[PDB]
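Enquirer: fold the following for me, if possible:
(7 chains, ligands or ions: 2)
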Amino acid sequence: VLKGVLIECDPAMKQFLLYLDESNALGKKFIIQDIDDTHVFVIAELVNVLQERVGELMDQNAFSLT
Amino acid sequence: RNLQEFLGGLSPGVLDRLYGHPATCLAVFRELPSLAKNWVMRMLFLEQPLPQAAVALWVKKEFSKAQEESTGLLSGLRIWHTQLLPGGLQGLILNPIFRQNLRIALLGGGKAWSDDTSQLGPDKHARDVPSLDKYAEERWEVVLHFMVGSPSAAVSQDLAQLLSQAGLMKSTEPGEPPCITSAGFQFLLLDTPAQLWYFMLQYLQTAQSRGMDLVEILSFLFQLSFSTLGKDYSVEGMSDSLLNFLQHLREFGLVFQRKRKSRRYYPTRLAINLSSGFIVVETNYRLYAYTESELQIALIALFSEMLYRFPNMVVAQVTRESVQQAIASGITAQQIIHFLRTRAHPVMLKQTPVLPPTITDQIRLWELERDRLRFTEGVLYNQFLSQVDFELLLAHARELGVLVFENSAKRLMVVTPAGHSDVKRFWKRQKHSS
Amino acid sequence: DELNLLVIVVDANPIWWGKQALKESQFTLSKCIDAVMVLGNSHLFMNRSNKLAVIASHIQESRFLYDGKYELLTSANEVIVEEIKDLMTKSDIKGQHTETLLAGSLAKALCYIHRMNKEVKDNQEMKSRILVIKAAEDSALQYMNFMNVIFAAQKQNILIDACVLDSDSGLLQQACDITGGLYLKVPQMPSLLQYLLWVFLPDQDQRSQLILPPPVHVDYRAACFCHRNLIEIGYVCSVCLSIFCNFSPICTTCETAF
Amino acid sequence: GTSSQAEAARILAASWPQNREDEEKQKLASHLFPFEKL
Amino acid sequence: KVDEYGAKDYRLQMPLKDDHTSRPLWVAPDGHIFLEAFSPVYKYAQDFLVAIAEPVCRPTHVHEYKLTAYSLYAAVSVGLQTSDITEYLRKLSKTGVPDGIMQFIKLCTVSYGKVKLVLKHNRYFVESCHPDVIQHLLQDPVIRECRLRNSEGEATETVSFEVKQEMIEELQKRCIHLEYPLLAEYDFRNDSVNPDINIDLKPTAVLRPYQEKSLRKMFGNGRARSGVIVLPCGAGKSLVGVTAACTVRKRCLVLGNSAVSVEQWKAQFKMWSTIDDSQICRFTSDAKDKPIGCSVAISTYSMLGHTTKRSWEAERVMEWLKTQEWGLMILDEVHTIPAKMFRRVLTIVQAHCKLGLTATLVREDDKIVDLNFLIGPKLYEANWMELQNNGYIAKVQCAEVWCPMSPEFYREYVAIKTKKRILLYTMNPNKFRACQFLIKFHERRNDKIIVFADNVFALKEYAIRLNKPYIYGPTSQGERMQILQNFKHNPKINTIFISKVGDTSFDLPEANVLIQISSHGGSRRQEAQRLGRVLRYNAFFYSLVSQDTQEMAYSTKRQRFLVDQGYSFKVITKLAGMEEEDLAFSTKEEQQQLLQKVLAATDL
DNA sequence: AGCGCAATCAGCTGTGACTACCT
DNA sequence: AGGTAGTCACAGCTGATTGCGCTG
Ligand SMILES: [Zn+2]
Ligand SMILES: [Zn+2]
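Expert: Numbering: from 1, shown residues only, chains lettered A, B, ... in the order given. Ligands and ions are numbered 1, 2, ... in the order given. Below is the structure:
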């Protein structure tokens, strides 16, 4: 059995996470199991770096007016 | 929670005792829905119960849902009660105590709500309505500052304990001041009448710890709600517990009183509004506030970026980063929109949408950015040899209520870590019995 | 934000109430005033935002009338009693005029509603209705002014409700039909308060849900220019639309235009 | 294909801004564009 | 000054409070003006602030203005004096004028008329009433290059000296740095040296009051000065130029950007000026309508500033044109004046008054500030919100509707970064379906649609799929003309596709719907121009972007000009009845096949 | 199969942003 | 570790070539 955090998101973000898995942008292959077109299984010990990467992607194409 | 939700959760004895005061009956009647008020007024002068079918025939067929809701709310509030009419019929008649007190409040009878005001003559140190409003504003600002923790505002220890019991501020270590929680931020984002009502409801819930009568406190609060602004009332005629409650209200700013021994007390606009515009919002994501107190400036800065601070004006810009930070602090987008709409300048009230749709939609979308990724810790099972074996285990997991996600096509399922041991034990036992 | 305004017009004709007192019936002007006051108190009870106005229709002029009981209700009732006492006690019959000035009272009610609407803040809409209780007989001399008042009320979407006590009034029926109000004739005068609470108390939004008596047979008889009497068939001019009972070779109204 | 149409519609119509807005609706004209009023 | 909450607080600087809320105005120490629109004195405050300051944003409630040196120069150019402007600024302050604005206003407005530049007998002379300023600027090394043959002094009357004609831009750039700005005032009432023409506008071309304000501000005290007037494309811009040319009553020169704008200006002159075709000439090397000996000459840019060999006829025309003075050289599309070859066009010809007309004064590379001394100060800036309130400008309902990226496209979008991702979010199947649905819905209600689309490679497969006419852009001259001609007076066809061709001022007919896909990067000018093709909710324009792509940031940063103008971009996430009818790319097979063709560019 | 109008290619330039190299 | 000149896409213009049509 596998222990971790299930991630539910839009298909676009699922494809982005799948790309991050193979691109080794985090240093390892921690995106292990893909179960659904909108759900993936991720190890829980580094859920913060995925949050940082997603936030960077989100505010990269945002142009904050500040 | 509104008044009706709290009233419906009380025992029938408390509700019956509440209706003995005319002030409570008027507040309950005004809290009723539009359809319920007409039914109460029609049955006000009835000494005989009416058939349920006859009452049900008053409203049209399409609006039967509202009729059912009003009847259910009236039954829950125990305004009327079911009567076994002879012949197997069921009759509905208003509560005699509630009906009598409502008629007394409306038509007249008995003694006045307050004892008297001319016994002591004119007040030597009477104030004015603007002065009372300023006093109420100062008291409320002091309370909200004490919520933050500034040393300039020093209040009673029991007032701090009340916030501690309300969960807004937690005292992890004795001696040090308590720290405000996220619920404190959400409460601050609420409007002043709602804040007062929530505080009073918490006081009512926790009054049993102080050994105070709920019925008397509610009756006095309702009497204060209908009090005339700028008019004094007699302290005399109240129990010692009522005196302590009045002192607490004076500490809260609802009631003005020069001295504890004084026999006069002046209800304020907060007390009148207890039972129940300076922000300009522009399409360029800018806020213009016509306020001077630090409280409003801080509240607006909770979810916006400040740009200029004029003596009578504040120029702020609502940006994505500020809204995201406010949401990370615990404030939801709906609360932000409600705060903006309630504080909206009278000029903005002219437009059919008080708040421009673009700003509200953008704030809501900014709220949705944070929760894009949904996280649910669990254990994944993917070693199913047969579909039939998977179905039984999935049904057992659904019976246990520990299922997180299911995939029948690929025979994949996710269960909560707490239920993982139970699922493992169930799966092992099935193989052993085979 | 729902502000309901209820302007109540009370037919305070001294002659009709004097005849009623002479009849020694169970219903008098005092009981009617009490019922009106109780209805106004109930209207103020229904919501904080509700506003009340009471206008007494009298032969001389129109008078704006407005201990365990509500403080605001106590002051309102005291003011109403003082105003009605001042109107009735100082009402001296000086002249042969007997018909009640109902049209003037309705015009004053419309003006008061117009004043109140402007003072209403822009975030709220002030729905306004006018309730009229009829005691004396209808007045035909005021046909044109009454029709103008009906049209003005319809233009501003103001309901006009008539509560006829003794004698039906065609003008009130026309006003209720045109403005969308309810016309009702009270069979038992002592039950006036119960009728008002059952029928006229709910607002138009509430009237949609509640089942109410169907509209009565509204008449549309016109008033002759040279007779000012009800007519069934009459001569109507094609230029000025003036109505005449008999044929004339030269229209009187067209004389103005040379 | 029959299933391809359904899969494509499910993916496209509800990708990012629907898996949360619809949840809020389940849990809870002048400025509307002409195609949103029909 | 203090950053307790990160905001510049000036509560102590301006504490004056005599009347609580009588004055609907706020001032700032550095410089800024805040105006309350919900005031009974709104129109008077607007008239006062327009003449002395230029706006920065005009939303529906609180207008905001800014005080700049050139705004004060323009204000003092009109009969307004220092005392009047100061006393009327303090008149409506509600807080008291800070002692950092009075000094700035004094310094700016004191040194306005000290130095003058005049043109006479094809010679440029700079004349100053005060002789001392000439010696003050005598020590500047850069000025010494302009004066030819030792500049003996030109003792006349008043001290003046000659300056080099080809180096007039350098001295204009230096003078503002020397706190002595130059002014270009042309007193056309009394010249007696210029052969004033017999032009006279017909007494049937009525103009709106807002154009009256701009024209009146152009001629403040009986003289014409160089300036810039900003009016929307739908509004009357060419009419203002024609009226100004008629009032100046001198030899007018009109410059355009394209070779089709010269015909537009000729038509406007023929419609609202009553000038015979003999005097009117077009100089664009297409017909050669004898430009020699003309009253009003209409030509275009990119021809007066050639860096290569010129045609013999064109060379003779230029030789004739560079040998006489011009009155009111009208420049169209003034936003693209600060260019490498367009700046020298002003210095290659001699004119007394330089009028700049545009609708979108915004530009990147912050070269708009250079236009303050290239031509003059910003004279008029139309308030678009109040212009559309009067009903003479279409109330366009702006929309910013985004379309999610398909999973088959987003993987390729995130995989590649070397400029190959432009076609990925441009050719989004969801955006294609949204565009098709919008086209069909607005065709069902008989609405004229103009679909702007840069990246013509995408437009090729975007237009043939819908089987609708499109303008590739280098197609021909005749095909484009006939397509635009049959676009308006034909019910069968009412939607066209444009690729960066309609990004200027053309003769496109009235349209109600604009759907732009894959525009330029952050060009606020392009978006403003595209919006201007719609106004003339009467109309509505849509912008389609792809989520989680750079087009989102581009759309966000390219609408800040329009929101400053007062427009609000509603976000549309779902299109009603998307699944009600059939659209292209219904299944995943053709969507994934589209990846093959969109990746088939491989321009390496 | 000689003229002449019109379609076509070369050279330069404006607008906007992306990207490689080094003090 | 940071910033400016090439460079690409897409459009414009003008300056020549150069290629098809040219009478009841
Ligand atoms: Zn007659
Ligand atoms: Zn007539």
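Enquirer: measure residue C:220 to residue C:170 for me?
Expert: Counting by C-beta to C-beta, to the nearest Å, the gap from residue C:220 to residue C:170 is 8 Å. No exception for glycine: its C-beta is placed from N, CA and C like everyone else's.
Enquirer: list, one by one, the residues from the stretch 251-400 of chain E near DNA strand G.
Expert: By the criterion of C-beta under 7 Å from any atom of the strand, the positions of the stretch 251-400 of chain E lying close to DNA strand G are E:258-260, E:284-286, E:300, E:302-303, E:306, E:309-312, E:314.
Enquirer: before we move on, the earlier item: more neighbours: which of residue C:220 and residue C:170?
Expert: Regarding residue C:220 and residue C:170, a neighbour count based on other C-beta atoms under 10 Å in any protein chain shown identifies residue C:170 as having more, with 17 against 8.
Enquirer: which ones are touching the more buried one?
Expert: Applying C-beta atoms under 8 Å, 6 or more residues apart in numbering or on different chains, we find residue C:170 in contact with C:138, C:218, C:219, C:221, C:230.
Enquirer: most neighbours among those, please name it.
Expert: residue C:138 (20 neighbours).
Enquirer: dump the residue contacts of that one.
Expert: If you count contacts by C-beta under 8 Å, 6+ apart, residue C:138 has them with C:167, C:168, C:169, C:170, C:171, C:172.
Enquirer: any figure for the gap between the fifth one and residue E:262?
Expert: Spelled out, that is residue C:171. For residue C:171 relative to residue E:262 (C-beta to C-beta), the value is 74 Å.
Enquirer: strands of chain A, start to end?
Expert: Ranges of strands in chain A, per DSSP state E, are A:2-8, A:31-34, A:39-42.
Enquirer: need these in JSON lines (columns: distance to chain B).
Expert: Below are those laid out as JSON lines (distance: least, C-beta to the nearest C-beta, whole Å):
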{"stretch": "strand A:2-8", "distance to chain B": "4"}
{"stretch": "strand A:31-34", "distance to chain B": "6"}
{"stretch": "strand A:39-42", "distance to chain B": "6"}
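Enquirer: deepest in the core, which of those strands is it.
Expert: Compared across the strands of chain A, strand A:39-42 shows the largest average neighbour count, a mean of 21 (mean count of other C-beta atoms under 10 Å in any protein chain shown).
Enquirer: tell me the strands beside that strand, with direction?
Expert: According to DSSP bridges, strand A:39-42 has the following sheet partners: strand A:2-8 (antiparallel), strand A:31-34 (antiparallel).
Enquirer: tally of neighbours for residue 10?
Expert: Answering for chain A, as no chain was given. Residues near residue A:10, counting by other C-beta under 10 Å, number 25.
Enquirer: try again with chain D
Expert: 13.
Enquirer: same question, the one 10 residues further on
Expert: Neighbourhood size, residue D:20 [other C-beta under 10 Å]: 17.
Enquirer: now do residue C:5
Expert: Taking other C-beta under 10 Å as the neighbour definition, residue C:5 ends up with a count of 22.
Enquirer: tell me which stretches of the chain form helices.
Expert: Using chain A here. For chain A, helices defined by DSSP state H occupy the ranges A:11-23, A:47-60.
Enquirer: switch to chain D, please.
Expert: D:2-13, D:21-27.
Enquirer: still on that earlier bit, Serialize the strands of chain A to a markdown table and add fields for distance to DNA strand G.
Expert: Conversion of the strands of chain A to a markdown table gives the following (distance: least, C-beta to the nearest atom of the strand, whole Å):
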| stretch | distance to DNA strand G |
| --- | --- |
| strand A:2-8 | 31 |
| strand A:31-34 | 27 |
| strand A:39-42 | 28 |
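Enquirer: indicate which one of the ones you listed is closest to residue B:328.
Expert: Closest to residue B:328 of the strands of chain A is strand A:2-8 (C-beta to C-beta; 19.8 Å).
Enquirer: what comes into contact with that closest one?
Expert: The set of residues external to strand A:2-8 that reach it, using C-beta under 8 Å, 6+ apart, is A:17, A:32-33, A:35, A:38-44, A:47, A:50, B:373-380, B:382, B:404-405, B:414, B:417, D:19.
Enquirer: over to stretch C:215-234?
Expert: Judged by C-beta under 8 Å, 6+ apart, the contacts made with stretch C:215-234 from elsewhere in the structure are C:140-141, C:143-144, C:170, C:173-174, C:176-177, C:182-185, C:242-245, C:252-253.
Enquirer: repeat the analysis, applying 6 Å as the threshold.
Expert: Applying C-beta atoms under 6 Å, 6 or more residues apart in numbering or on different chains, the external contacts of stretch C:215-234 come out as C:140, C:141, C:143, C:170, C:173, C:177, C:183, C:242, C:243, C:244, C:245.
Enquirer: need the next SSE after whichever strand or helix holds residue E:515, C-terminal direction.
Expert: Residue E:515 is located in strand E:513-517, with elements delineated by DSSP states H and E. Tracing the chain past strand E:513-517, the next element assigned as helix or strand by DSSP H and E is helix E:524-532.
Enquirer: are that following helix and DNA strand G in contact anywhere?
Expert: No: figure legend: helix E:524-532 not in contact with DNA strand G (C-beta under 7 Å from any atom of the strand); closest approach 11.4 Å.
Enquirer: which single residue in the stretch 101-250 of chain E comes nearest to DNA strand F?
Expert: Nearest residue of the stretch 101-250 of chain E to DNA strand F: residue E:169, at 13.9 Å (C-beta to the nearest atom of the strand).
Enquirer: wait, a strand at that residue?
Expert: No: residue state for residue E:169 (DSSP: H, G, I helix; E, B strand; the rest coil) corresponds to helix; a strand is not indicated.
Enquirer: need the residues of chain A near chain D, please.
Expert: Along chain A, the residues adjacent to chain D under the rule C-beta under 6 Å from any C-beta of the partner chain are A:10, A:11.
Enquirer: what separates the most centrally placed residue in chain A from residue A:32, distance-wise?
Expert: Among the residues of chain A, residue A:17 comes closest to the average C-alpha position under C-alpha atoms, centre = their mean, at 3.9 Å. Shown here: residue A:17 relative to residue A:32, a distance of 11 Å by C-beta to C-beta.
Enquirer: closest point of chain A to chain D, which residue?
Expert: Of chain A, the residue with the smallest distance to chain D, taken as C-beta to the nearest C-beta, is residue A:10 at 4.3 Å.
Enquirer: ok, now which ones touch that residue?
Expert: For residue A:10, the residues meeting the contact criterion (C-beta under 6 Å, 6+ apart) are D:15, D:16.
Enquirer: make it 7 Å
Expert: Listed by C-beta atoms under 7 Å, 6 or more residues apart in numbering or on different chains, the contact partners of residue A:10 are A:38, D:15, D:16, D:19.
Enquirer: just give me the neighbour total for residue B:337.
Expert: Using other C-beta under 10 Å as the criterion, residue B:337 is surrounded by 17 other residues.
Enquirer: do the same with residue A:11
Expert: Residue A:11, neighbours per other C-beta under 10 Å, totals 22.
Enquirer: separation between the closest residue to it other than its chain neighbours and residue C:41?
Expert: Spatial nearest neighbour of residue A:11, chain neighbours left out: residue E:407 (4.4 Å); criterion: C-beta to C-beta, 6 or more residues apart in numbering or on different chains. Distance of residue E:407 to residue C:41, given as C-beta to C-beta: 68 Å.
Enquirer: ok, residue C:186 next?
Expert: To residue C:41, residue C:186 is 20 Å away according to C-beta to C-beta.
Enquirer: sorry, back to before: how about the residue nearest to residue A:11, phi and psi?
Expert: Its backbone dihedrals place residue E:407 at phi -60, psi -30, with angles given as degrees, to the nearest 10.
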